[PDB]
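Presented below, as structure tokens, is a lone chain in the form solved without adenosine-5'-triphosphate (ATP).
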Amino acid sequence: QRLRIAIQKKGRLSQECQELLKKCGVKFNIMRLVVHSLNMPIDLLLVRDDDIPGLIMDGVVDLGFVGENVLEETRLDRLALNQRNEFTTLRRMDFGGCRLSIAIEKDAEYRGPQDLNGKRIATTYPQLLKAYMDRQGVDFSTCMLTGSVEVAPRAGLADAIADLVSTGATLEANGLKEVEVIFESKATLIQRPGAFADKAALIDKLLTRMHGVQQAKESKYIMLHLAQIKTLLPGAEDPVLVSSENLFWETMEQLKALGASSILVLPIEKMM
């Protein structure tokens, strides 16, 4: 009867999605796989990230937070398997920044594909790699590795990898360079095409609160002891009939340069 919501069991997303949900006014004791809300008629489900698109696609669950990377991978696999693939995206969150990018041995040499026309590429996202390669008309053999994909070249397991990266720290750590960005992933909140009776009312309520909480998180109340400074976005007494960000020493210093005195930044719990 209730609204079912799929979330990662483990990882930063689980916490990000738990915390945001808390902020949205959903009361729930920290999860150990099916959780019931005492605040509202909602049930969280904690599962592996990979399982989430398919469950929404199957309509097992109404609602699911996943990375676009995970979402397109299983979407393509199902298409290949001629399996039910349909779903409804609602909102893209500002958490879940990562790229699937082709990386090669540092001191290795190339300038685009058809340098990769024979090589073995190691990936946890073989379908996404296949998509890009096929469209590029380059031919390739995939080495399926679900963990330690960067160690594949060293091992001599494969010639190259497509690895999920946020920043080069991992790659530089594995003695590789990033050569192409073949997918840009952000975490998105999707809906089950054919899992759904005025629970849509609940869904609109959720979506609206998400933004408000986003605003309060981003925004800060400023107080400070001409108009260029007024046009700096600071709002002690703003125009009747608070900054979106303004979170940097530089603009604080920039304000100080403009002659700004008593620069006080306070946290906004919540706002509209």
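Counting begins at 1, following the sequence as shown. C-alpha atoms forming the largest set that superposes within 1.5 Å between two forms make up the rigid core.
Unmodelled deposited residues between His225 and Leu226: 4 to 9, per the record. Count the deposited residues lacking coordinates between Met31 and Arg32 and you get 1 to 3 of them. Once the C-alpha B-factors are averaged per stretch, 180-188 and 164-172 rank with 164-172 first. For the pair 147-155 and 107-115, the record assigns the higher mean C-alpha temperature factor to 107-115. Of the candidates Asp77, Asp134, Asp198, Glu86, the deposited coordinates give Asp198 the top C-alpha B factor. Taking only the listed residues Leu241, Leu44, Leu55, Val70, the entry reports the highest CA temperature factor at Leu241. In the PDB entry, a CA B factor belonging to the middle third of its chain's modelled residues is recorded for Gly97. Among the modelled residues of the chain, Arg209 sits in the highest third by CA temperature factor in this PDB entry. Looking at the C-alpha B-factors along this chain, the one for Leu247 belongs to the highest third. Ranked by Cα temperature factor within the chain, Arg48 sits in the lowest third according to the deposited record. Per the PDB record, residue ranking by Cα B-factor puts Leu264 in the lowest third of the chain.
One more form of this protein exists, namely the form solved in complex with adenosine-5'-triphosphate (ATP); it is left out here, but the text below deals with it.
Transferred by C-alpha superposition from where it sits in the deposited complex, adenosine-5'-triphosphate (ATP) keeps all its atoms beyond 2.4 Å of the backbone and C-beta atoms, leaving the site open. Residue-level contacts in the deposited complex: of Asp43, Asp58, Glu218, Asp50, one residue has a heavy atom within 4.5 Å of adenosine-5'-triphosphate (ATP), and it is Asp50. Only one of 82-90, 97-105, 112-120, 134-142 places residue heavy atoms within 4.5 angstroms of adenosine-5'-triphosphate (ATP) in the deposited complex, namely 97-105.
Shown alone here, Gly259 lies farther than 4.5 Å from adenosine-5'-triphosphate (ATP) in the deposited complex, counting heavy atoms only. For the chain shown alone, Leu20 is not a contact residue for adenosine-5'-triphosphate (ATP) in the deposited complex, no non-hydrogen atom being within 4.5 angstroms. Shown alone here, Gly64 lies farther than 4.5 Å from adenosine-5'-triphosphate (ATP) in the deposited complex, counting heavy atoms only. Though the partner is left out of this view, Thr74 does not reach within 4.5 Å of adenosine-5'-triphosphate (ATP) in the deposited complex, counting heavy atoms only. For the candidate spot formed by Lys10, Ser166 and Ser185, every residue has a non-hydrogen atom within 4.5 angstroms of adenosine-5'-triphosphate (ATP) in the deposited complex.
Residues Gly67, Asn69, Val70 of 51-71 are found to place at least one heavy atom within 4.5 Å of adenosine-5'-triphosphate (ATP) in the deposited complex. For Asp58, a C-alpha deviation below 2 angstroms is recorded between this form and the one not shown after rigid-core alignment.
Annotation: Cα of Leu233 displaced by at least 2 Å between this form and the one not shown, core superposition. Annotation for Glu172: C-alpha shift of 2 angstroms or more between this form and the one not shown, rigid core superposed.
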